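Asks: A single structure is presented below for examination.
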Amino acid sequence: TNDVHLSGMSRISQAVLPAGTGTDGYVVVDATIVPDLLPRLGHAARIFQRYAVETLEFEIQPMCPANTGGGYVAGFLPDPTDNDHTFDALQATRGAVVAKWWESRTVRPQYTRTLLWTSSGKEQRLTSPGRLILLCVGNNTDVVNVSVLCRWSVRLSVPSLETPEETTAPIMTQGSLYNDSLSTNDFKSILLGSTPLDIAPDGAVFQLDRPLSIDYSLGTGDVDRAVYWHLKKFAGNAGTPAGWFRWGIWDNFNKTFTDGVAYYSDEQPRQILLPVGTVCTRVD
Amino acid sequence: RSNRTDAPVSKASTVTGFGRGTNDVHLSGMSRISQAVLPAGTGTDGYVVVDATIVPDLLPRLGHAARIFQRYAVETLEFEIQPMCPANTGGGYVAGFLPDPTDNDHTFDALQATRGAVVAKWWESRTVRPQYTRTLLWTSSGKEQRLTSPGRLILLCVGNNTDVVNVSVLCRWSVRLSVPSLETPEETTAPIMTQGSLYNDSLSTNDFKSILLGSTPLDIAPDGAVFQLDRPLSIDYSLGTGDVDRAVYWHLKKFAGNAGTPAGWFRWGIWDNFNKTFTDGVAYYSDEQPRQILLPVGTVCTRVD
Amino acid sequence: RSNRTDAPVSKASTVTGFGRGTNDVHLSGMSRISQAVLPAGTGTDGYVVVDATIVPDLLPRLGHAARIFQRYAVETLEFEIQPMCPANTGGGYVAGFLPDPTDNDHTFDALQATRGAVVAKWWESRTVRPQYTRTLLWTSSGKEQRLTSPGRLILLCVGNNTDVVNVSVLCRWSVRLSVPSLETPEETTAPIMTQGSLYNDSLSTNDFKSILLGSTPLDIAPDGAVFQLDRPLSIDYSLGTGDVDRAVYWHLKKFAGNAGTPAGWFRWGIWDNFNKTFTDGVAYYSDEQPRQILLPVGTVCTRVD
Amino acid sequence: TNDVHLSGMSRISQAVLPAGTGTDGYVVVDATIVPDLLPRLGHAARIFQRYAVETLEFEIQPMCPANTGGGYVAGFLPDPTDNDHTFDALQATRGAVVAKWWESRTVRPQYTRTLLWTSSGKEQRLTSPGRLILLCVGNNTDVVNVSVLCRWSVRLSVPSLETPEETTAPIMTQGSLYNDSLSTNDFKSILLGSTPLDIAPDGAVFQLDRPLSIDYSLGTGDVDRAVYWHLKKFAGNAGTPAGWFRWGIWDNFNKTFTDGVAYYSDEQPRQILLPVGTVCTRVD
Amino acid sequence: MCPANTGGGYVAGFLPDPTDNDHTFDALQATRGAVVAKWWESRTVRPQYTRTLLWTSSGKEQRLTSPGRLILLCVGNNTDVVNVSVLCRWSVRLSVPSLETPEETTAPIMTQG
Amino acid sequence: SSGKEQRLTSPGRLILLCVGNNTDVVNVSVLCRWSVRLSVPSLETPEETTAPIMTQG
Amino acid sequence: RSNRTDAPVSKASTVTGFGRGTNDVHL
Ligand SMILES: [Ca+2]
Ligand SMILES: [Ca+2]
Ligand SMILES: [Ca+2]
Ligand SMILES: [Ca+2]
Ligand SMILES: [Ca+2]
Ligand SMILES: [Ca+2]
């Protein structure tokens, strides 16, 4: 037949968290479970179209000293469209655990056995069984390094080859970007408020469904609203891990980025340039 | 007694009863989907009386209980249309349940074709026992309605109603919720689309009528129900010396409707979640702009609040 | 076939499936009643960490399901206090569940007396299995809390906490709702009382701090949560030539709290239900008024919205 | 039961390839298999809601003269939203065949036997089983006439009745239109770079979900964007068989086309009006 | 060998391919039997290894003279100095008697730089 | 994965000789129908699967 | 599952298979 059964253990994500930045409600890991996350499955979902998760079992492995104060609540929201980052959402879902930082727990979640499309699509519920969310319960005393290991057993089918761009997971911004909030040539990703975007590697150029509408100067007062789409991550400094996002153009074939005009800084009435739900996808 | 346990650096967390909520709740009941009052002579053939998508938000008790679950599966759906008019009332109604939530068509043939549809005089009640899928649909809203709705009900006037007719489309629902979770009470509603089109020159200085948008729920919305535009609304105005900035608003809400137009009037503005407040922008001022369409047909309107 | 039925003047209504909703729903689950962060050296003996009345509004899933019923009866209540601090933390906590919702007392003796109370070091968890009545309590709010609440939980610092302590008071609840009905989502909350007193000369020109009212829920309220005063608030101002009118406001809400006072500041105003809007009155202006008390101790504050 | 097993042959599409236009990776045929390309299934899917594909066997009939040595590769992508038009993606898919223009081959792909819907929706993944793609390997010495036969055995269900427009299929742009390279009153489909848009019949109008900002002059070096949501298609010429698209207000209520307003293309900053991934839907 | 206050983690694996010279977390974790653990916790790697009669003496290809290689990697950032020992339990079954020279019995090494 | 000898990494090599000169440019495409049987799960780097070349002159 | 083990100052060394080589070899 063509139901290749591939199963293995792999790490979806790893996060380093400094001391004193673990206020309750902070999102350490917010990872949508698509095959692109898992390495071995990532190299095996590009040669198949449809997969069915038959066994999923996350295990959180933090590596911090025993004499540390702080907890981590971990859960698996079965709805990928759900974007709740509160303790209530996790405590509601089955399989959630809470434990001290030096502890390693196992999350036995509630997923769906239905066939799912490896390739990304408009309506996410056909492409992911859910999202894993790990929150701090209290302020951490020291730096904590956490690795969310994942044990999976999928059943791929429908042979086909996919570009690496297609298999990337799209993440919607959690915040609203306002016109007065912009800087001269970029903006911090804290305004977006999405942890996957915050921890995105530097240079990961994204494309935004919502048209970023920066006004460009007409010379004397007159305002014309330019529309720019492509955004590039710019490395987060020590003070601000969020990095920055310079607007512009990312050529598909040429793989080259462009920097747009400086934000039109004047008495413009406040507008929503990018509301919550602004999908960003790695074109790189 | 036991006193031989040494004191370690830290003790294992003992939060055992966690993530063990009940999964299955076989909720049931009956409720009124819609109620309409057809004036005499206005029930011309083809007029749509009730056009209601059956999502777990129309049903009130289910609406307040689908927010504590994620996936429901309809197990018994049986609509019961009840008119209230004397036997002297002349005219007929056809009732059906399209199993496709995206099938937005209003004709006698489309309704009659579907299994379980009924045709009856206005002075006679009926029961629509329709065909509905048992698959685990999703409670929360999504891009596609077909995964979040068993179907929609349509009621049409067959003849010409002689007198005013009061019709109530009751529904009997027996759902089986599952997959425990805590959905947010907003973003649990149903997306709505603009059947009509909104023009730049169809805008007033500050407001704009909902009947232009062509969607009945937009025409009847309580004050304070702030809607969300997926597509940007680029209002025109004079920022300075005729500075026509395409001010982008995504947030539309129904201020106190104008008495002249019962369908009422939206404003464009900022709906801040951190403040949960609606702040209005610069009033529309068409200075020098060729005619254009701002909100095209199909612009999805979901109510942020 | 049957065709022998004559046509009467009107036919009997055939709405049979009416008023037949399910009555019993054995809802269950676990949730977090409260979570507190005690700073070092501020956990002096007698300080109240958690003081929470257990109404079906603290429990979220029950809160969204007690609005579709009227009378619930608690069948299993077992609070599970969980601290999170290393073994080097010095100090102790006492936890209890007063079965009398009106018993507003915070002492070690009162807590320890009640059955099921526990005393333990801050680095050790406990389980409070309390005594609770099985009588059919009422979901909706009323004049007396004793018919709408099994009791209240109190947590107290026994010693002096050496370091900051993060404590979470979890609760396991297994209620049995009954008497189907559709309670309004507002007026389902719990009434709150002003432990402190609000003076005429303790009022600013426009605002007044919540910490003066002496009630913690009043001190921490989201912006837009409009409260109701059972007792009138007679603000003073100069209507004309020093016209000191005792302007009566019953509606108090928390505008954006002042950064200086985290407890924040209410305004007096009109909360119109027909518009669902807060309109502010004339700013307070103490022109010539001897000192007085406007909102005395025990003024019930229920949130209209 | 209500199942109706219809089965019959039909010609998916007819394509004309001008002499010498067979550039590298040129898409001769890009046809989504919706129940309209098949005429009998087109008339028989208007009376049902759910259809499941039980058999699908394509066949190429290149009527190109045997003198031309240009090559063709044929494949069936099982993902309707898949916008990959590369040789590797085709050849990986089951049943893909490569030959020359004087040779005719068949395609027997691996479809998905699930209950698709017969009416258009937000995502195509529940409405179509896939899409036939036929690339031209090398340039053609002679004009290539291509006819692709289909052998389908669907299994309809859920009786109903629908409208003709409800069975239509959306289109996606494979290229990024640029402001600096734009005709004043129109533009050809070469900028869009989508084969269905290349062969788009004259009279069809496509709605851009992205803001179609046409930047008309306010005067004195000041310009203003004008947002539109329609694209009327006009026939082009022999030199450029791509055609033309003009913006404006295709007011379907009046069925009148406001022509493309003047585009003041003098100093517009380099932007992409429609970045890669922009979609177009024939309003009809 | 470090106290419980040591912060950091290690991943251990046994690549069955002696020529696979790659050092990443994913490559190690993929192989069967790999472990991930904090620095203050021991582990046992029970790996997959071929039973074929490998050759003792060195040759052109290592794949006929080695069951595989072991890799140990630092997952986090070690807070203090950590002393790690990679013990091994082996039960071989020698055969084909002969007298190999003691030199040319060692293992070839390659210049990465 | 690549090694010192190709005899444990590949099953063989396709060779296609041209018997005589071509009057026209010859475009050749060689299709393969393979049914492999993988085992021993792991993960590798792209370069490790490359193949060496030998000079015939 | 077992999660009731507290975290001590240090854990006992678990090097069990030590000093257990074969003694007799009839070469
Ligand atoms: Ca795909
Ligand atoms: Ca949801
Ligand atoms: Ca009541
Ligand atoms: Ca349909
Ligand atoms: Ca040898
Ligand atoms: Ca290898």
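Chain labels follow the order of the structure tokens: the first chain is A, the next B, and so on; residue numbering restarts at 1 in every chain, and ligands are counted from 1 in their shown order.
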Just the residues within 9 Å of residue 57 in chain E, please, counting only C-alpha atoms, with nothing from its chain fewer than 5 positions along; format it as JSON, numbers by chain.

Replies: {"E": [65, 100, 101, 104, 105, 106, 107]}

Asks: To check your reading of the model: which residues sit at most 12 Å from ligand 2 when counting only C-alpha atoms and all ligand atoms? Write the answer as a PDB file with N, CA and C atoms, in the first residue's frame.

Replies:
ATOM      1  N   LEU A  77      -3.730  22.709  22.906  1.00  0.00           N
ATOM      2  CA  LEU A  77      -5.026  23.145  22.414  1.00  0.00           C
ATOM      3  C   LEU A  77      -5.347  22.381  21.139  1.00  0.00           C
ATOM      4  N   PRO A  78      -6.433  21.603  21.119  1.00  0.00           N
ATOM      5  CA  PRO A  78      -6.754  20.816  19.922  1.00  0.00           C
ATOM      6  C   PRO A  78      -7.183  21.652  18.733  1.00  0.00           C
ATOM      7  N   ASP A  79      -7.462  22.940  18.916  1.00  0.00           N
ATOM      8  CA  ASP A  79      -7.917  23.779  17.820  1.00  0.00           C
ATOM      9  C   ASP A  79      -6.786  24.690  17.379  1.00  0.00           C
ATOM     10  N   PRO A  80      -6.212  24.484  16.192  1.00  0.00           N
ATOM     11  CA  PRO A  80      -5.114  25.360  15.752  1.00  0.00           C
ATOM     12  C   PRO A  80      -5.509  26.818  15.651  1.00  0.00           C
ATOM     13  N   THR A  81      -6.764  27.099  15.296  1.00  0.00           N
ATOM     14  CA  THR A  81      -7.200  28.486  15.171  1.00  0.00           C
ATOM     15  C   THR A  81      -7.248  29.177  16.527  1.00  0.00           C
ATOM     16  N   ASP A  82      -7.404  28.410  17.605  1.00  0.00           N
ATOM     17  CA  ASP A  82      -7.417  28.995  18.940  1.00  0.00           C
ATOM     18  C   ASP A  82      -6.089  29.671  19.243  1.00  0.00           C
ATOM     19  N   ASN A  83      -6.167  30.880  19.793  1.00  0.00           N
ATOM     20  CA  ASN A  83      -4.981  31.676  20.073  1.00  0.00           C
ATOM     21  C   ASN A  83      -4.982  32.180  21.512  1.00  0.00           C
ATOM     22  N   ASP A  84      -5.492  31.366  22.430  1.00  0.00           N
ATOM     23  CA  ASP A  84      -5.594  31.736  23.832  1.00  0.00           C
ATOM     24  C   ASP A  84      -4.278  31.465  24.546  1.00  0.00           C
ATOM     25  N   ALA A  89      -7.206  28.495  29.512  1.00  0.00           N
ATOM     26  CA  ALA A  89      -7.305  27.680  28.308  1.00  0.00           C
ATOM     27  C   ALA A  89      -6.579  26.355  28.485  1.00  0.00           C
ATOM     28  N   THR A  93      -8.180  22.207  28.879  1.00  0.00           N
ATOM     29  CA  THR A  93      -7.903  21.113  27.958  1.00  0.00           C
ATOM     30  C   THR A  93      -7.372  19.889  28.693  1.00  0.00           C
ATOM     31  N   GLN A 124      -6.713  26.447   8.756  1.00  0.00           N
ATOM     32  CA  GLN A 124      -5.617  25.716   9.384  1.00  0.00           C
ATOM     33  C   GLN A 124      -6.047  24.364   9.933  1.00  0.00           C
ATOM     34  N   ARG A 125      -7.340  24.174  10.198  1.00  0.00           N
ATOM     35  CA  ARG A 125      -7.766  22.983  10.923  1.00  0.00           C
ATOM     36  C   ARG A 125      -7.578  21.698  10.127  1.00  0.00           C
ATOM     37  N   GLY A 130      -3.236  20.667  16.452  1.00  0.00           N
ATOM     38  CA  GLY A 130      -3.368  21.567  17.578  1.00  0.00           C
ATOM     39  C   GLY A 130      -2.096  22.371  17.759  1.00  0.00           C
ATOM     40  N   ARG A 131      -2.010  23.029  18.910  1.00  0.00           N
ATOM     41  CA  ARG A 131      -0.833  23.814  19.254  1.00  0.00           C
ATOM     42  C   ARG A 131      -0.433  23.536  20.693  1.00  0.00           C
TER      43      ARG A 131
ATOM     44  N   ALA B  66     -21.550  25.924  24.176  1.00  0.00           N
ATOM     45  CA  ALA B  66     -20.559  25.591  23.166  1.00  0.00           C
ATOM     46  C   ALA B  66     -19.262  26.354  23.362  1.00  0.00           C
ATOM     47  N   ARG B  67     -19.221  27.279  24.315  1.00  0.00           N
ATOM     48  CA  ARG B  67     -18.003  28.000  24.649  1.00  0.00           C
ATOM     49  C   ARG B  67     -17.161  27.273  25.683  1.00  0.00           C
ATOM     50  N   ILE B  68     -17.685  26.208  26.285  1.00  0.00           N
ATOM     51  CA  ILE B  68     -16.915  25.353  27.175  1.00  0.00           C
ATOM     52  C   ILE B  68     -16.586  24.022  26.518  1.00  0.00           C
ATOM     53  N   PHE B  69     -16.822  23.900  25.216  1.00  0.00           N
ATOM     54  CA  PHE B  69     -16.417  22.736  24.446  1.00  0.00           C
ATOM     55  C   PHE B  69     -15.933  23.219  23.088  1.00  0.00           C
ATOM     56  N   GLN B  70     -15.462  22.288  22.270  1.00  0.00           N
ATOM     57  CA  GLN B  70     -14.877  22.652  20.990  1.00  0.00           C
ATOM     58  C   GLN B  70     -15.516  21.973  19.794  1.00  0.00           C
ATOM     59  N   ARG B  71     -15.889  20.705  19.902  1.00  0.00           N
ATOM     60  CA  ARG B  71     -16.449  19.973  18.779  1.00  0.00           C
ATOM     61  C   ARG B  71     -17.797  19.402  19.175  1.00  0.00           C
ATOM     62  N   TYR B  72     -18.828  19.746  18.413  1.00  0.00           N
ATOM     63  CA  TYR B  72     -20.163  19.212  18.609  1.00  0.00           C
ATOM     64  C   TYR B  72     -20.579  18.406  17.390  1.00  0.00           C
ATOM     65  N   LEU B 137     -18.449  18.637  13.973  1.00  0.00           N
ATOM     66  CA  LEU B 137     -18.224  20.007  13.544  1.00  0.00           C
ATOM     67  C   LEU B 137     -17.559  20.811  14.656  1.00  0.00           C
ATOM     68  N   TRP B 138     -16.954  21.931  14.277  1.00  0.00           N
ATOM     69  CA  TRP B 138     -16.221  22.766  15.216  1.00  0.00           C
ATOM     70  C   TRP B 138     -17.097  23.902  15.722  1.00  0.00           C
ATOM     71  N   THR B 139     -17.065  24.128  17.036  1.00  0.00           N
ATOM     72  CA  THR B 139     -17.884  25.184  17.623  1.00  0.00           C
ATOM     73  C   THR B 139     -17.369  26.564  17.239  1.00  0.00           C
ATOM     74  N   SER B 140     -16.067  26.788  17.381  1.00  0.00           N
ATOM     75  CA  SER B 140     -15.501  28.099  17.114  1.00  0.00           C
ATOM     76  C   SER B 140     -15.517  28.400  15.619  1.00  0.00           C
ATOM     77  N   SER B 141     -15.546  29.690  15.302  1.00  0.00           N
ATOM     78  CA  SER B 141     -15.595  30.117  13.914  1.00  0.00           C
ATOM     79  C   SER B 141     -14.261  29.854  13.220  1.00  0.00           C
ATOM     80  N   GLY B 142     -14.331  29.699  11.901  1.00  0.00           N
ATOM     81  CA  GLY B 142     -13.148  29.445  11.103  1.00  0.00           C
ATOM     82  C   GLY B 142     -13.317  30.033   9.721  1.00  0.00           C
ATOM     83  N   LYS B 143     -12.319  29.776   8.873  1.00  0.00           N
ATOM     84  CA  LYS B 143     -12.363  30.298   7.511  1.00  0.00           C
ATOM     85  C   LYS B 143     -13.519  29.696   6.722  1.00  0.00           C
ATOM     86  N   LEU B 147     -17.251  23.401   8.082  1.00  0.00           N
ATOM     87  CA  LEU B 147     -16.796  22.631   9.229  1.00  0.00           C
ATOM     88  C   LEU B 147     -17.404  23.107  10.539  1.00  0.00           C
ATOM     89  N   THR B 148     -18.234  24.153  10.511  1.00  0.00           N
ATOM     90  CA  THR B 148     -18.780  24.732  11.733  1.00  0.00           C
ATOM     91  C   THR B 148     -20.298  24.861  11.691  1.00  0.00           C
ATOM     92  N   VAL B 179     -14.558  17.208  23.311  1.00  0.00           N
ATOM     93  CA  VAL B 179     -13.257  17.879  23.297  1.00  0.00           C
ATOM     94  C   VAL B 179     -13.274  19.080  24.235  1.00  0.00           C
ATOM     95  N   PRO B 180     -13.216  18.870  25.549  1.00  0.00           N
ATOM     96  CA  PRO B 180     -13.344  19.990  26.487  1.00  0.00           C
ATOM     97  C   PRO B 180     -12.260  21.034  26.277  1.00  0.00           C
ATOM     98  N   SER B 181     -12.652  22.296  26.404  1.00  0.00           N
ATOM     99  CA  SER B 181     -11.755  23.437  26.279  1.00  0.00           C
ATOM    100  C   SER B 181     -12.532  24.671  26.708  1.00  0.00           C
ATOM    101  N   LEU B 182     -11.856  25.818  26.698  1.00  0.00           N
ATOM    102  CA  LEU B 182     -12.468  27.087  27.094  1.00  0.00           C
ATOM    103  C   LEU B 182     -12.321  28.070  25.937  1.00  0.00           C
ATOM    104  N   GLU B 183     -13.287  28.043  25.025  1.00  0.00           N
ATOM    105  CA  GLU B 183     -13.308  29.005  23.934  1.00  0.00           C
ATOM    106  C   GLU B 183     -13.631  30.396  24.464  1.00  0.00           C
ATOM    107  N   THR B 184     -13.019  31.406  23.858  1.00  0.00           N
ATOM    108  CA  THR B 184     -13.352  32.778  24.203  1.00  0.00           C
ATOM    109  C   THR B 184     -14.780  33.087  23.762  1.00  0.00           C
ATOM    110  N   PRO B 185     -15.548  33.842  24.555  1.00  0.00           N
ATOM    111  CA  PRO B 185     -16.939  34.115  24.159  1.00  0.00           C
ATOM    112  C   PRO B 185     -17.058  34.957  22.899  1.00  0.00           C
ATOM    113  N   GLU B 186     -16.084  35.820  22.634  1.00  0.00           N
ATOM    114  CA  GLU B 186     -16.003  36.442  21.328  1.00  0.00           C
ATOM    115  C   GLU B 186     -15.078  35.607  20.445  1.00  0.00           C
ATOM    116  N   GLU B 187     -15.227  35.778  19.131  1.00  0.00           N
ATOM    117  CA  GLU B 187     -14.731  34.873  18.093  1.00  0.00           C
ATOM    118  C   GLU B 187     -15.429  33.520  18.141  1.00  0.00           C
ATOM    119  N   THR B 188     -16.535  33.410  18.876  1.00  0.00           N
ATOM    120  CA  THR B 188     -17.388  32.232  18.858  1.00  0.00           C
ATOM    121  C   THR B 188     -18.603  32.444  17.959  1.00  0.00           C
ATOM    122  N   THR B 189     -18.834  33.674  17.517  1.00  0.00           N
ATOM    123  CA  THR B 189     -20.001  34.014  16.715  1.00  0.00           C
ATOM    124  C   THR B 189     -19.789  33.533  15.278  1.00  0.00           C
TER     125      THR B 189
END

Asks: Could I get the residue neighbourhood of ligand 4 at 9 Å, counting only C-alpha atoms and all ligand atoms, as a list in words?

Replies: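 Going residue by residue within 9 Å of ligand 4, we get residues 98, 99, 100, 101, 102, 103 and 104 of chain B; 46, 48, 49, 50, 117, 118, 119, 120, 121, 160, 161, 162, 163, 166 and 167 of chain D.
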
Asks: Hey, can you spit out that residue selection with C-alpha atoms as a compact mmCIF listing (two decimals), in the first residue's frame?

Replies:
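Once everything was written out, this is part-v3.txt:
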# COMPACT_ATOMS: atom_id res chain seq x y z
CA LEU B 98 -29.92 23.29 2.78
CA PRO B 99 -27.18 20.97 4.12
CA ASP B 100 -24.52 23.22 2.55
CA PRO B 101 -23.91 26.28 4.76
CA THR B 102 -22.31 28.14 1.84
CA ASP B 103 -25.23 27.60 -0.57
CA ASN B 104 -26.70 31.11 -0.59
CA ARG D 46 -25.65 20.89 -10.13
CA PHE D 48 -26.14 17.08 -5.83
CA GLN D 49 -24.10 18.39 -2.90
CA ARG D 50 -21.39 15.80 -2.21
CA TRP D 117 -18.39 19.26 -1.96
CA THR D 118 -19.85 20.18 -5.35
CA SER D 119 -20.03 23.92 -4.60
CA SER D 120 -17.28 26.52 -4.32
CA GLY D 121 -15.95 27.49 -0.91
CA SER D 160 -30.13 19.19 -4.02
CA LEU D 161 -30.12 21.88 -6.70
CA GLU D 162 -27.62 24.70 -7.17
CA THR D 163 -26.78 27.73 -9.33
CA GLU D 166 -21.60 28.22 -7.35
CA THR D 167 -19.43 25.57 -9.07

Asks: When all Cα positions are paired in order and chain D is fitted onto chain A, what RMSD is left, to one decimal?

Replies: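 In short, the RMSD is 1.3 Å.
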
Asks: Got a sec: who's within 12 Å of residue 128 in chain B, counting only C-alpha atoms, leaving out chain neighbours fewer than 2 positions off, as a ChimeraX atom specification?

Replies: /B:76-82,94-98,111-112,114-120,125-126,130-132,153-155,169-172

Asks: Could you tell me which residues of chain B sit within 8 Å of chain D when counting only C-alpha atoms, and give me the result as a list in words?

Replies: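 Contact residues on the first chain: residues 98, 100, 102, 103, 105, 109, 110, 113, 114, 115, 143, 144, 231, 232, 234, 244, 245, 246, 288, 289, 290, 292, 293, 294 and 296 of chain B.
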
Asks: From a DSSP calculation on the backbone, collect every residue of range 140-218 of chain C in strand (DSSP E) and output the set as a list in words.

Replies: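 Residues meeting the strand (DSSP E) criterion: residues 152, 153, 154, 155, 156, 157, 165, 166, 167, 168, 169, 170, 171, 172, 173, 174, 175, 178, 179, 180, 192, 193, 198, 199, 208 and 209 of chain C.
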
Asks: Please identify all polymer residues within 12 Å of residue 259 in chain C, counting only C-alpha atoms, omitting same-chain residues fewer than 5 positions from it, and present them as a ChimeraX atom specification.

Replies: /C:209,264-265

Asks: Once you have the residues from the selection above, write them out as an mmCIF file, in the first residue's frame, restricted to N, CA, C and O atoms.

Replies:
data_model
loop_
_atom_site.group_PDB
_atom_site.id
_atom_site.type_symbol
_atom_site.label_atom_id
_atom_site.label_comp_id
_atom_site.auth_asym_id
_atom_site.auth_seq_id
_atom_site.Cartn_x
_atom_site.Cartn_y
_atom_site.Cartn_z
ATOM 1 N N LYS C 209 -10.614 57.416 44.421
ATOM 2 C CA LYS C 209 -9.858 56.175 44.509
ATOM 3 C C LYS C 209 -10.708 55.043 45.073
ATOM 4 O O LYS C 209 -11.597 55.266 45.901
ATOM 5 N N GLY C 264 -6.870 52.287 41.585
ATOM 6 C CA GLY C 264 -7.650 52.978 40.579
ATOM 7 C C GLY C 264 -8.700 53.917 41.144
ATOM 8 O O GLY C 264 -8.788 54.178 42.344
ATOM 9 N N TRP C 265 -9.523 54.429 40.230
ATOM 10 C CA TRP C 265 -10.502 55.471 40.508
ATOM 11 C C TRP C 265 -11.800 55.304 39.726
ATOM 12 O O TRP C 265 -11.795 55.198 38.496
#

Asks: Chain D residues within 10 Å of chain F, counting only C-alpha atoms: which ones, as a list in words?

Replies: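 Selected residues: residues 69, 70, 71, 91, 97, 98, 99, 100, 137 and 138 of chain D.
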
Asks: Set the cut-off to 12 Å, count only C-alpha atoms and all ligand atoms, and list whatever residues fall near ligand 6 as a PyMOL selection string.

Replies: (chain E and resi 15-22+27+31+63+68-69) or (chain F and resi 1-3+8-9+39-50)

Asks: Just write the chosen residues, C-alpha atoms, as a CSV table (one decimal), in the first residue's frame.

Replies:
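Just written: result_31.csv:
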chain,number,residue,atom,x,y,z
E,15,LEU,CA,24.9,6.7,15.0
E,16,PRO,CA,25.0,3.2,13.4
E,17,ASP,CA,26.9,4.7,10.4
E,18,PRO,CA,30.6,5.1,11.2
E,19,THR,CA,31.0,7.6,8.4
E,20,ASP,CA,28.2,9.9,9.4
E,21,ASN,CA,30.2,12.8,10.8
E,22,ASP,CA,27.4,15.2,11.8
E,27,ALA,CA,20.6,13.8,14.0
E,31,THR,CA,18.5,7.6,16.0
E,63,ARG,CA,31.7,0.6,7.7
E,68,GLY,CA,29.0,2.8,14.8
E,69,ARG,CA,30.0,5.9,16.7
F,1,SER,CA,25.3,7.9,2.7
F,2,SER,CA,28.5,8.4,0.7
F,3,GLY,CA,31.6,6.4,1.5
F,8,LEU,CA,27.8,-0.1,-0.8
F,9,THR,CA,25.9,3.1,-1.7
F,39,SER,CA,15.3,0.9,7.2
F,40,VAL,CA,17.3,2.0,10.3
F,41,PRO,CA,15.7,5.4,11.0
F,42,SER,CA,18.1,8.4,11.3
F,43,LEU,CA,18.7,11.8,9.9
F,44,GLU,CA,21.5,13.0,7.6
F,45,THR,CA,22.9,16.1,5.9
F,46,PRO,CA,22.3,16.9,2.1
F,47,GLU,CA,26.0,16.6,1.2
F,48,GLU,CA,26.4,13.1,2.7
F,49,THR,CA,24.3,11.6,-0.2
F,50,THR,CA,26.5,12.9,-3.1

Asks: Could you please tell me, as a list in words, which residues of chain C have an atom within 12 Å of chain G when using only C-alpha atoms?

Replies: residues 86, 87, 123 and 124 of chain C

Asks: Print the selection's residues with N, CA and C atoms to a file, as a PDB file, in the first residue's frame.

Replies:
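Ended up saving to part_21.pdb:
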ATOM      1  N   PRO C  86      10.753  27.141  47.180  1.00  0.00           N
ATOM      2  CA  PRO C  86      11.705  26.111  47.608  1.00  0.00           C
ATOM      3  C   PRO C  86      11.534  25.778  49.081  1.00  0.00           C
ATOM      4  N   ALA C  87      12.212  24.706  49.497  1.00  0.00           N
ATOM      5  CA  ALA C  87      12.122  24.273  50.887  1.00  0.00           C
ATOM      6  C   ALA C  87      12.761  25.278  51.837  1.00  0.00           C
ATOM      7  N   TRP C 123       6.172  25.505  52.088  1.00  0.00           N
ATOM      8  CA  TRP C 123       6.722  24.611  51.079  1.00  0.00           C
ATOM      9  C   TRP C 123       6.021  23.260  51.064  1.00  0.00           C
ATOM     10  N   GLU C 124       4.774  23.203  51.521  1.00  0.00           N
ATOM     11  CA  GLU C 124       4.045  21.946  51.604  1.00  0.00           C
ATOM     12  C   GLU C 124       2.600  22.173  51.195  1.00  0.00           C
TER      13      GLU C 124
END

Asks: Check the smallest atom-to-atom distance from each of E:6, E:83, E:56, E:91 to ligand 5 using only C-alpha atoms and all ligand atoms, then report the winner.

Replies: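 Of E:6, E:83, E:56, E:91, the one nearest ligand 5 is E:56, counting only C-alpha atoms and all ligand atoms.
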
Asks: Within 8 Å of chain G, which residues of chain E show up when using only C-alpha atoms, listed as a VMD selection string?

Replies: chain E and resid 3 to 4 42

Asks: Could you write out, as number ranges by chain, all the residues of range 85-263 of chain A that DSSP marks as helix (DSSP H, G or I)?

Replies: A: 87-92, 124-126, 164-167, 179-181, 195-198
